[PDB]
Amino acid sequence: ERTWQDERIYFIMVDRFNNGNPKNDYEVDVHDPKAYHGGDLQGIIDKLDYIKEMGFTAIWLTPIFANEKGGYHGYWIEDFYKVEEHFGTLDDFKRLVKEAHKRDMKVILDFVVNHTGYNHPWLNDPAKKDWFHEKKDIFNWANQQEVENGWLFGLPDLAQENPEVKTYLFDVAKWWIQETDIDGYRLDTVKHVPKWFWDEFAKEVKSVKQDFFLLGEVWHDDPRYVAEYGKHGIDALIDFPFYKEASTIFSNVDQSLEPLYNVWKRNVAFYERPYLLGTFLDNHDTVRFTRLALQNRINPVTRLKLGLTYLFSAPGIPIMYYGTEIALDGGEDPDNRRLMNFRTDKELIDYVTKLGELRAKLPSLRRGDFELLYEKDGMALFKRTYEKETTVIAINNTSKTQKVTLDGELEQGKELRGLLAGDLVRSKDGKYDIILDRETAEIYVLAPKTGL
């Protein structure tokens, strides 16, 4: 049976992905980094086979609801019940969904309950005076009240305490599910909205579709803070603690992988569903992983191979930001949202393809436990077991050839067959000598000894 633990998510910012219809390019200026660039829903449909062939099983779209002027990213909503006209029509969205489901892919929409756009009509409506919290900045971030009540970046902060507001938000959450048959929501700005609302919200959306999937964006690096939202009806959480370590570690050579293993232990300790954590190297709110490599004056492709191998072999739900597969450069927002280029070399596309194939094929990578066998200054060995399958993941994030001998940590008398790069390690006198050249990786399955 397919569960969310088994999924791999491709993450698309609609306006910056693929312009499949030039006729809806109304305010487009591709030479203005703050304008619409013209990517749309037709462009997504056009690339569903591309996405599926890399092995992704689900797409998360940035919000598609009608935005005010300048809202190319979707987060400045003007009408919760309408598709943004740059992106297409409702009919186009239903067809995207249908086309995704025909290829056995799930669709998650980015969903906003915390705020409206700066210029939403409700702000000039006296009958909606009490739909918004008092207009003030958040200054004390350690006061969770203030975090929940204040206007984030000056965004009008909806007052969920008002039952009219709460009801409008529940109804529109249900409406999209009923109308379009989407598979889940990625919930924006979760920590800015009180926990009691999340419990009710989850009950409401699952009343329409019992298996509806919620993925919460809780922007924080302390997994104790993040984990609490798991207890209020949100199935899965975005793993910022993972990202903080993975982005750093993999964007330069000779750096220890051990912090990632501590992320995992802490995940098991704090979260009720520690495999339902969204893993990533970068996203729409971060400097591009490629750019971190470039800052380090080091080849981004080799960095990406190492980081992606970890992402696709460690616990959680990998989430790959569009463009990762082409080492798309970019600095801080908005430069980390460049239009996708489909006319590049295929080296990383093919690599991702193999990683997604292996994670599909090896249940230990989706469901196994996760042990650390060895880690030294960037040379790492991990082991994963599920029922009768044992895999070993070897990542040499060092600048030299490394030989690491296991002696006891695996059952004697077998061989490790390298499924990513064809390596072969045979038990010799009960020991396995794993040799990796600098900056390479391998994923082995343990299996019986073969021979000529």
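The numbering used is simple: start at 1 and walk along the sequence shown.
The PDB entry records a higher mean C-alpha B factor for 130-138 than for its counterpart among 233-241 and 130-138. For the segment pair 172-180 and 354-362, the entry gives 172-180 the higher mean B-factor, averaged over Cα atoms. For the set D429, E439, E442, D15, the PDB entry assigns the largest Cα B-factor to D429. Among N114, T324, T309, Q144, the highest C-alpha B-factor recorded in the PDB entry belongs to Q144.
In the deposited entry, the Cα temperature factor of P63 places it in the lowest third of its chain's modelled residues. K82 sits in the highest third of its chain by CA B factor, as recorded in the PDB entry. Among the modelled residues of its chain, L328 has a C-alpha B-factor that falls in the lowest third, as given in the PDB entry. Per the PDB record, residue ranking by Cα B-factor puts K106 in the middle third of the chain.
Per the PDB record, residue ranking by Cα B-factor puts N397 in the lowest third of the chain.
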